[PDB]
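PDB entry and its sequence, pasted below:
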Amino acid sequence: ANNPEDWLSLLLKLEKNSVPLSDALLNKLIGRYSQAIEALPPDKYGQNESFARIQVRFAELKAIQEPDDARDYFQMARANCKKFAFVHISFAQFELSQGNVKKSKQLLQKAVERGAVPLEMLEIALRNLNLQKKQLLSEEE
């Protein structure tokens, strides 16, 4: 039961059950994500897609709850789950949303250089960044 897949399921369910979201419910959800991260050693889960999702969701929620403090959580996810393109792109999306366009591009280029996968997701993100779109990946992409 202490595995990322079971944790991710519980966390997605909690969020589904918390709609319509309030400040109070969001704080509770963020607290539960932290509890998952306290329970899952990153060492054995560096290539685990659910663990990567847990960390990215935590960073993305912190970007809502505390955007001026959220950078380190994206750095955390990237340090722990570097193989996944979606992790780098989430970080790049955060930097872009903060107006940090050059940083967003640097992050995406470094992911490509380091062979994060799938490459096509990175190429789409770089395309949209160059077109100056607000979202590196559309909801439909």
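Sure thing, it's come through. Numbers count the residues shown, from 1 in each chain.

centroid residue for this structure?
Taking Cα atoms, centre = their mean as the criterion, residue 56 is the residue nearest the geometric centre of the chain, at 2.4 Å.

In terms of secondary structure, what does whichever strand or helix holds that residue contact?
Residue 56 belongs to helix 49-65 when assigned by DSSP states H and E. Judged by 3 or more Cβ pairs under 8 Å, 6 or more residues apart in numbering; DSSP states H and E, helix 49-65 is in contact with helix 4-17, helix 23-39, helix 71-80, helix 85-97. Quick note: C-beta positions are derived from backbone N, CA and C, even for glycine.

For the helix or strand that the last one is followed by, list every residue counted as buried.
The one in question is helix 85-97. Where DSSP H and E defines the elements, the next helix or strand beyond helix 85-97 is helix 101-113. Neighbour-count burial for helix 101-113 flags 103-105, 107-108, 110-111 (criterion: 16 or more other Cβ atoms under 10 Å).

Just the CA atoms of helix 101-113, as CSV, please.
Provided in CSV are the C-alpha atoms of helix 101-113 (Å, rounded to 0.1, in the frame of the first residue of the first chain):
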residue,chain,number,x,y,z
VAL,A,101,10.4,33.1,-20.9
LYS,A,102,14.1,32.6,-21.3
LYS,A,103,14.2,30.2,-18.3
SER,A,104,11.2,28.3,-19.7
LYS,A,105,13.2,27.8,-22.9
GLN,A,106,16.4,26.8,-21.1
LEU,A,107,14.5,24.1,-19.2
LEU,A,108,13.0,22.6,-22.3
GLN,A,109,16.3,22.7,-24.2
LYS,A,110,18.1,21.0,-21.3
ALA,A,111,15.4,18.2,-21.2
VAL,A,112,16.0,17.6,-24.9
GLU,A,113,19.7,17.6,-24.5
